[PDB]
Every structure is written in C-alpha cells, then in structure tokens.
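Participant: Here is my input; please provide its structure:
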Amino acid sequence: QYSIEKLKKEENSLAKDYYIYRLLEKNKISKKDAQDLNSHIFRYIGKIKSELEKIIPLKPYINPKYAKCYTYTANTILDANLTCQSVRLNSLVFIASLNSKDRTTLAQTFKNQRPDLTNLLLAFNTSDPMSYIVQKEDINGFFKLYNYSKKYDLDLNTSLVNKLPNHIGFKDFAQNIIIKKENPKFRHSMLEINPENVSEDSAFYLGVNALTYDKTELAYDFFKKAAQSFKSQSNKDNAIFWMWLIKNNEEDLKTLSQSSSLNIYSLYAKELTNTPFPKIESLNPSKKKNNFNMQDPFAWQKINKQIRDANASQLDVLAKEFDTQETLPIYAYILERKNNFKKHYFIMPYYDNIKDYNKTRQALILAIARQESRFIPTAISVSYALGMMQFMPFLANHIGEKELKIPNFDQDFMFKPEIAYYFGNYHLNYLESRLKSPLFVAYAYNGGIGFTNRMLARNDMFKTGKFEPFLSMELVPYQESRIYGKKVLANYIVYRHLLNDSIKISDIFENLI
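Facilitator: Residues are numbered from 1 along each chain as shown. Next comes the structure:
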C-alpha cells in the first residue's frame, strides 16, 4: 500500500491508476502532489478523473485557434465571422437556442457551401426538425438529430432506411433502439432494409428486429447475411443457430455442430446431433513454480503488455517460462494467444479452495472466474474490480468487514485466490438463492441483481414463446450483460462436464422459461 512517489516511478497502468485512486479517495493527494499527475494516469476516465478534478478543476480545453468563436452567444452570432458561424453551428443545442429569424438568415448564408447547416437551421424553425430532415433524406443530419434527442420518432420510407447503414452511427442506432424497445416507428421502418445493404452486427440485430414483428423470412435473410459476413466464428454460430431455428435446414445445424468455436450454440447443436463433446486441452505443468510474484499487480500489468505485443517467436519463450503450476493462469493466457484462439482452455487453478463445494457450485465459480479474469489473481478492470472474481471495493469491503468481520481486512485481499473464491461462493450463494438459473446469476453477477430483477419482471422477457428463451437472450438491454451471460453459460456447461457432473444444455434452456 504505496505512497505517491513510489507510484510515480512505476509504468502507467490500470494498477497504478487503482492505487492513485486509493490515495485520492483517502484524501492523501495534496494540491501540490496533484500538479504533474494526469501524465501519470493510464486511463483518465470516470472516478479517478472526478476525484482529481475536485483538487484541480479542468482549465482546458477549447482549441486555441477558434477561441474567439466561443465568445459569441445566440444574441451576437451574426457579428461573428463566417468560420466562427460555421463552428458554432456544429452544436444542435446552439442551433435550437437561436431565434428563428437568425436561423433563416444563416440558412441562406450557408445554402451553397454547407446545405447540411441549412437543413438543420430550417428544420429547427419547424415544430418537428426530424420530419424536415427525413423529407430531405439528409443522412448526416438524421444522426446528429438522433444524438441530440432520442425522443424523435417517425416512419422512414424504403429509400431513406436503405441509406442509413452507410453511416458509422447506424450500428449503435439500430442496436440501441432494438434492445431498448424505443423508437417504434424507426424500428418498424427498419423491416424494409435490404439485407444486401447491411452486414455483421447490424444484419444480426435487424434479424432480431424482424423476429419481434414475426417477420420470420426477413429475419432468416438478415441472419444469413450476418452468418456470411461476421468475422468471429462465435458470432457466425449465433447467426447460423437463428437460421436453423427459423427455417429448420439440417445442413445449418450440421455446420453449427462442426464449429471450431465452443459457445452455447455449437454446444447445443452438438447435443442435438449426438456429436461428442468438444476436446478440452489438459494443462498439467510438472514444474512447481518460478520467480514470478502472482501477488504483485504491477508485475502482471508489465507481463500482460509484453504478452499482448509479442511476435509468434517470443510467445514461445514466455510459454516455457510460465509453464508452472503457480503461474498456470499466465501459461494458459499465453497458450490462448499462441494458438490463435483455436484450442479450448478451461483450467482449474487454486482448486484446493473449492474442492469441498458441490460440483455444480464449483463449475459456476470456475465459469465466472474464467470470464471475469482468466484466473489472473491481480486482475484489475477499468472500473477497478479486483482479483480472480472481480469484486468492486464496495462489495469486497461490505463482505470482508461488515459481514465476515475479517481482522485487518483490506480490499486488496481480493487478489488472494482463497479470498476471491471464498467471496465469490458467498456472493454466488446470495444470487442463486434468488435467481436459480446460472444464466440469471451470470447477468446479476455482471450487471447487478437490480437490473436482472427488473428484466425478469417484464412480460416480454424469458416467458413462453416460439423462439424462447433464445430471443430473450438477444434482448437483454445491456450489451455487456447479454454477451457475459452467453459466455459464462458455455463455461458452466464445460466445467460441469470436466468435473463429471454433466448437464444437458437443453435442460438449462427449458429452465429459463
């Protein structure tokens, strides 16, 4: 637990940010220590930035070149030179602030050179700017308006919706309105997007959209485009699963059962076709240990950066070096990158700490750990979640001090495998007692039980239906949590298998309804 001067001598990393944040939260960073400090912060975002800015507020940053432009207001923009006029009109809030006569004047000024500005100016002279922009089929203006305000909703014709996918904003626009169930007219309108005009995630989400309107043929066509275009095999598999569920072509299921990717969809397809369970690599290092300190979070940040930046040649040197029981989590991390993610690694490190739990509980713990940290004891997330089981300091302190009354507890105890597994078991006990399914537990473990409970209270989530529970798994309102649940559920199936406590994934799916 280190002073501001020793930290300054360590490489910028999330571990160094974590420890600066600890000083800040305990008010041990003086205004003087704080002077040279944002050059010492690896990821200047969120809580460490709010805390640093309580000590030293942000003097920047408007660009020195256009300073004079930001001295004008709505009342004096007609006195600004034309470069300043056009800079200020980048903001739709600024445009909304102007009075209507100045919008007419500026619209004329800008018609030849910047008809984009003209269109937005005149749109804001109407009681519905979205309607005006949609009539112009101004695609850039459409996305600026959506980003300004989500409340605009309007039917879009075939011509317009087919132009939207060429804009970079399209993928997040489509996902957000589909997953959140907002903007119903936008959503309905996106039924008429030609599958030829989209690809990858956008195609996939348009297929999910089509399913919600019971347009099964359009959905198939979108999912087929997604399968054809997705880069990752895991995503391709997800799309091929939908192709199968909708049109029941047995070639699609066969292709899915033969995937090199281990995921819930390929696992399910293997089980439906009596295909044997995929091969799980066996890592059994004979060496006991090396000189690496698995408890030093700075040493991990260092070695992680090396592993990530290494050519095929030095990955071989690192592999051998970390081929020991004590560094097993690092070995497997290296092998995963060395074999270009083709092989399936499902290690079980520090197993003594869990061998006395029932096997189903072991598999849930191991599934969570694998996804959370790949079993790196000193893992730190961008939100400063800590250790193998990625506890936030709040929950770690509530369990360790308030509940378990551990003498001299510190949140950094989460970096100890014994503590991580122990706390994970305790917290998983609480979640499973309320939620039951390991999928629902996964969602609550990542996104909190609050959002999980709110999602499961809805009429349209994890109920009976043609395409359930698979459809519901695509409509989990936070992308991270949607993905986390899919991966953890695969991991859980695999660990149950490895521990000779197999369950059919088909039973897990039945239990979700």
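
Participant: in stretch 468-483, what's buried?
Facilitator: Within stretch 468-483, the residues that count as buried by 16 or more other CB atoms under 10 Å are 469-477, 481-482. Heads up, the C-betas are built off the backbone N, CA and C, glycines and all.

Participant: and which of those is nearest residue 239?
Facilitator: Ranked by distance to residue 239 (CB to CB), the buried residues of stretch 468-483 are led by residue 474 at 10.9 Å.

Participant: how about the nearest residue to that closest one, chain neighbours excluded?
Facilitator: residue 208 (4.9 Å; CB to CB, 6 or more residues apart in numbering).

Participant: Contact partners for the one you found?
Facilitator: Residues in contact with residue 208 (CB atoms under 8 Å, 6 or more residues apart in numbering) are 178, 219, 471, 474-475.

Participant: rerun that using 10 Å as the cut-off
Facilitator: Neighbour list for residue 208: 174-175, 178-179, 219, 222-223, 226, 242, 467, 471, 474-475 [criterion: CB atoms under 10 Å, 6 or more residues apart in numbering].

Participant: swap in residue 149?
Facilitator: Neighbour list for residue 149: 92-93, 96, 129-130 [criterion: CB under 10 Å, 6+ apart].

Participant: Out of these, give me the one that has the most neighbours.
Facilitator: Counting neighbours by other CB atoms under 10 Å, residue 129 comes out on top of the contacts of residue 149 with 24 neighbours.

Participant: hang on, isn't that residue packed against residue 123?
Facilitator: Yes: contact status for residue 129 versus residue 123: in contact at 3.7 Å, counting by CB atoms under 10 Å.

Participant: Quick check: neighbours shared by these two?
Facilitator: Residues touching both residue 129 and residue 123 (CB under 10 Å, 6+ apart): 92, 95, 141, 145.

Participant: In helices only, show me those.
Facilitator: Using DSSP state H, the members of these that fall in helices are 92, 95, 141, 145.

Participant: so which helix or strand takes in residue 319?
Facilitator: Residue 319 is part of helix 312-321 when elements are defined by DSSP states H and E.

Participant: And the helix or strand that that helix is followed by, what's buried?
Facilitator: Under the assignment DSSP H and E, the closest C-terminal helix or strand after helix 312-321 is helix 328-338. Residues of helix 328-338 classed as buried by neighbour count (16+ other CB under 10 Å): 328-336, 338.

Participant: give me the number of residues near residue 405?
Facilitator: Residue 405, neighbours per other CB under 10 Å, totals 8.

Participant: ok but it is inside a helix, no?
Facilitator: No: with DSSP: H, G, I helix; E, B strand; the rest coil as the criterion, residue 405 is located in coil rather than a helix.

Participant: rewinding a little: return the member of the ones in helices among the shared contacts of residue 129 and residue 123 nearest to residue 493.
Facilitator: Among those, and counting by CB to CB, the member closest to residue 493 is residue 145, at 44.8 Å.

Participant: mind listing what residue 137 touches?
Facilitator: Residues near residue 137 by CB under 10 Å, 6+ apart: 119, 156-157, 159-160, 163-164.

Participant: just to revisit the earlier point, so which of the buried residues of stretch 468-483 belong to helices?
Facilitator: Checking the buried residues of stretch 468-483 against DSSP H, those in helices are 470-473, 481-482.

Participant: Now the residue located most distally from the centre of the chain: closest residue in space, sequence neighbours ignored.
Facilitator: Distance from the C-alpha centroid of the chain peaks at residue 79, with 46.0 Å (CA atoms, centre = their mean). Leaving aside its sequence neighbours, residue 79 sits nearest to residue 72 (CB to CB, 6+ apart; 6.9 Å).

Participant: hang on, the earlier thing: state the pair within the contacts of residue 137 that is farthest apart.
Facilitator: Maximum pairwise distance in the contacts of residue 137, criterion CB to CB, is 17.6 Å, between 119 and 157.

Participant: Tell me, how many residues neighbour residue 173?
Facilitator: By the measure other CB under 10 Å, the count of residues near residue 173 is 23.

Participant: on that earlier part again, is there a quick PyMOL command that grabs whichever of the contacts of residue 137 are buried?
Facilitator: The buried subset of the contacts of residue 137, as determined by 16+ other CB under 10 Å, is captured in PyMOL by this line:
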select buried, resi 119+156+160+163+164
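
Participant: Put together CSV for the contacts of residue 137, with secondary structure and distance to residue 288 on each row.
Facilitator: Converted to CSV, the contacts of residue 137 look like this (DSSP: H, G, I helix; E, B strand; the rest coil; distance: CB to CB, whole Å):
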residue, secondary structure, distance to residue 288
119, helix, 70
156, coil, 65
157, coil, 69
159, helix, 69
160, helix, 66
163, helix, 63
164, helix, 59
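
Participant: JSON lines please, covering the contacts of residue 137 and showing distance to residue 135.
Facilitator: Below are these laid out as JSON lines (distance: CB to CB, whole Å):
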{"residue": "119", "distance to residue 135": "10"}
{"residue": "156", "distance to residue 135": "11"}
{"residue": "157", "distance to residue 135": "10"}
{"residue": "159", "distance to residue 135": "12"}
{"residue": "160", "distance to residue 135": "9"}
{"residue": "163", "distance to residue 135": "14"}
{"residue": "164", "distance to residue 135": "15"}
